[PDB]
Amino acid sequence: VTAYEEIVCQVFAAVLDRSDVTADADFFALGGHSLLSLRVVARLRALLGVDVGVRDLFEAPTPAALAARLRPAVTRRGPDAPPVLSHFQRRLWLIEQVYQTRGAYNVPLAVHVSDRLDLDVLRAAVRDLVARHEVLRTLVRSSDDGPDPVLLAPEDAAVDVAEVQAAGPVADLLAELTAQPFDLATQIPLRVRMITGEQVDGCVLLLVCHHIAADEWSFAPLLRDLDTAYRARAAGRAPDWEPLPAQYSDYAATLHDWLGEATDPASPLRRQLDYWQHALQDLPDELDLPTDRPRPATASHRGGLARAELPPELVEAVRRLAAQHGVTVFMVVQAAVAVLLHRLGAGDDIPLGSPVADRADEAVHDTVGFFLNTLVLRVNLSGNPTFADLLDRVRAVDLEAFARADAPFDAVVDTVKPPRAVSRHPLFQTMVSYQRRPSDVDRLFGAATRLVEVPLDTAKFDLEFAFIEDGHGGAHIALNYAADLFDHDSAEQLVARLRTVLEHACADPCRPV
Ligand SMILES: *P(=O)(O)OCC(C)(C)[C@@H](O)C(=O)NCCC(=O)NCCS
């Protein structure tokens, strides 16, 4: 859960009165001492629901370490260790068997490069990347028991690297290349394309992963390692690499041993599932949302992307509102989405799905893989509260949920047993997420680089609101909507209405919702 990490940073900043806190910034090296250390733990006791003392601060002086401190550590298995599929990977494989996703679970990463890269050096660098990260060369094959992992040896992993020439606009070409399907039984879950043409200055480098091998937090290590391997291979050498503290299979094995069996009443899995069964009792099948078309018989996973720019002064005001009320920026956005759906007539019981990263362990905090569980965050709006009251409700709901974040979403579904439809995501149909793009990726491959956004043609749910921060200060709200249900202009209006809710909440949070 990254939310613990963000509030620790928030408290460090308020007590040291700085603007310098990263996840690895040492509290004592930052000018903190024991007198202020008690102010930090006193504030953390009030925000988080947990006992914290100077003891914890001493042994875990950074936000990332303190967050993880508040289950065994990942251990490296032997060189002959077989691959292990996490429950995350099994669920994603299962989705691709039930549905025709049309690439909805591919994730793009596109980088504008001022110089055209060398294709032979790039292909060699991708081989180094795939050799380093076993998850990038692990196939999934169907057997009578179910899906089984197949780890390709580095010499046997055929990388897919090619140059493509843009005829029309590159933006639509990026989305087209991104949506191409992976055969997970025969192709490694990574595709690399270098887009060139006379309308593009330099090239656009597009990495496409299937989510089975990468979440959005993998962007930074993917770019960092690809950059290291490219510059090394351009000088004619293999990269000088400190080996990985853990492979994805190590994390999956450690996690599954700890989780246990759902039939074991003492297992963490059963105990967390029992929390969710009670927390999701009498859950609505779906929310009454204003759509343009009824739910079709079959889900097409077609979608679009409506964007709402946020002025830097509004981004700052949302940050200050969160700090003043002791919540994260995500919690403010989550409350705003709940207000929005409430005002649209969805009722007082608003369940919103949200991805939570299981990256607290040092050995996986900055590695490549899929670590996102989906939690159902159930917001109650009865008794017409103020926005400040709602922020208190949302913090309570989120913190109780984050303490049971390891229950796999598919097990929670099978525990809650909701009425199921192939055209409707179970338990929730609106997702809210907070994302931060990599920083310091502006000078990769010895050139000038900048991330470029890919316009999705797909959607996973009815609605996904994302507060997305770029690596350099700015922020915007992206609404990924199901085209089956919503026209583009209705989505543009929805995301504009969310911005208006945020503006009103910052201006005066003491007004009822
Ligand atoms: P804080 O760490 O800034 O300041 C406390 C102190 C360094 C001034 C010091 O006087 C102190 O903590 N002494 C207590 C340490 C101690 O005796 N440990 C208990 C285990 S025997």
# chains A, B, ... in the order shown; residues from 1 in each chain; ligands from 1

$ closest_atom_pairs --of "segment 336-384 of chain A" --to "segment 85-101 of chain A" --cutoff "8 Å" --atoms "only C-alpha atoms" --output "CSV"
residue,atom,partner,partner_atom,distance
A:370,CA,A:88,CA,7.0
A:371,CA,A:88,CA,7.3
A:372,CA,A:88,CA,7.6
A:373,CA,A:88,CA,7.3

$ select_by_dssp --residues "segment 22-181 of chain A" --states "alpha helix (DSSP H)" --output "PyMOL selection string"
chain A and resi 34-47+54-59+63-69+87-98+119-132+170-179

$ residues_near_ligand --ligand "ligand 1" --cutoff "9 Å" --atoms "only C-alpha atoms and all ligand atoms" --output "list in words"
residues 28, 32, 33, 34, 35, 36, 37, 54 and 58 of chain A

$ write_last_selection --atoms "N, CA and C atoms" --output "compact mmCIF listing (two decimals), in the first residue's frame"
# COMPACT_ATOMS: atom_id res chain seq x y z
N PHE A 28 16.52 11.67 9.99
CA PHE A 28 17.55 12.30 10.80
C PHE A 28 18.55 13.06 9.93
N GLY A 32 15.95 16.18 11.35
CA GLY A 32 15.09 15.77 12.44
C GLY A 32 15.86 15.22 13.63
N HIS A 33 15.32 15.46 14.82
CA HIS A 33 15.87 14.93 16.06
C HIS A 33 14.73 14.42 16.93
N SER A 34 15.09 13.94 18.13
CA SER A 34 14.13 13.18 18.94
C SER A 34 12.94 14.02 19.39
N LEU A 35 13.15 15.31 19.67
CA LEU A 35 12.04 16.17 20.08
C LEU A 35 10.98 16.26 18.99
N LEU A 36 11.40 16.48 17.74
CA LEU A 36 10.44 16.47 16.64
C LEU A 36 9.97 15.06 16.31
N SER A 37 10.80 14.05 16.62
CA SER A 37 10.42 12.67 16.32
C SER A 37 9.15 12.26 17.06
N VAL A 54 8.77 6.29 18.74
CA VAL A 54 10.10 6.67 18.28
C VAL A 54 10.91 5.43 17.93
N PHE A 58 13.31 5.24 14.72
CA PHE A 58 14.74 4.96 14.82
C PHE A 58 15.16 3.86 13.85

$ residues_around --residues "residue 272 of chain A" --least-positions-apart "5" --cutoff "8 Å" --atoms "only C-alpha atoms" --output "ChimeraX atom specification"
/A:404-407

$ closest_residue --among "A:53, A:284, A:103, A:438" --to "residue 346 of chain A" --atoms "only C-alpha atoms"
A:284

$ closest_residue --among "A:5, A:414, A:492, A:115" --to "residue 276 of chain A" --atoms "only C-alpha atoms"
A:414

$ closest_residue --among "A:326, A:383, A:311, A:446" --to "residue 48 of chain A" --atoms "only C-alpha atoms"
A:326

$ closest_atom_pairs --of "segment 180-268 of chain A" --to "segment 121-126 of chain A" --cutoff "7 Å" --atoms "only C-alpha atoms" --output "JSON lines"
{"residue": "A:226", "atom": "CA", "partner": "A:125", "partner_atom": "CA", "distance": 6.2}
{"residue": "A:229", "atom": "CA", "partner": "A:125", "partner_atom": "CA", "distance": 4.8}
{"residue": "A:230", "atom": "CA", "partner": "A:125", "partner_atom": "CA", "distance": 5.0}
{"residue": "A:233", "atom": "CA", "partner": "A:121", "partner_atom": "CA", "distance": 5.9}
{"residue": "A:234", "atom": "CA", "partner": "A:121", "partner_atom": "CA", "distance": 5.9}

$ closest_residue --among "A:247, A:138, A:106, A:298" --to "residue 207 of chain A" --atoms "only C-alpha atoms"
A:106

$ residues_around --residues "residue 224 of chain A" --least-positions-apart "4" --cutoff "9 Å" --atoms "only C-alpha atoms" --output "ChimeraX atom specification"
/A:219-220,228-229,441,444

$ write_last_selection --atoms "C-alpha atoms" --output "JSON list (two decimals), in the first residue's frame"
[["chain", "number", "residue", "atom", "x", "y", "z"],
["A", 219, "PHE", "CA", 7.76, 2.15, -16.16],
["A", 220, "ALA", "CA", 10.70, 3.62, -14.24],
["A", 228, "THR", "CA", 21.62, 1.29, -19.16],
["A", 229, "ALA", "CA", 21.69, -1.60, -21.64],
["A", 441, "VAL", "CA", 13.50, 10.42, -17.91],
["A", 444, "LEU", "CA", 17.64, 8.82, -22.00]]

$ residues_around --residues "segment 159-168 of chain A" --least-positions-apart "6" --cutoff "6 Å" --atoms "only C-alpha atoms" --output "list in words"
residues 123, 191, 192, 193, 194, 195, 196 and 197 of chain A

$ residues_around --residues "residue 170 of chain A" --least-positions-apart "3" --cutoff "12 Å" --atoms "only C-alpha atoms" --output "list in words"
residues 110, 112, 164, 165, 166, 167, 173, 174, 175, 176, 177, 194, 195, 196, 197, 198, 199, 200, 201, 203, 204, 205, 206, 452, 453, 454 and 455 of chain A
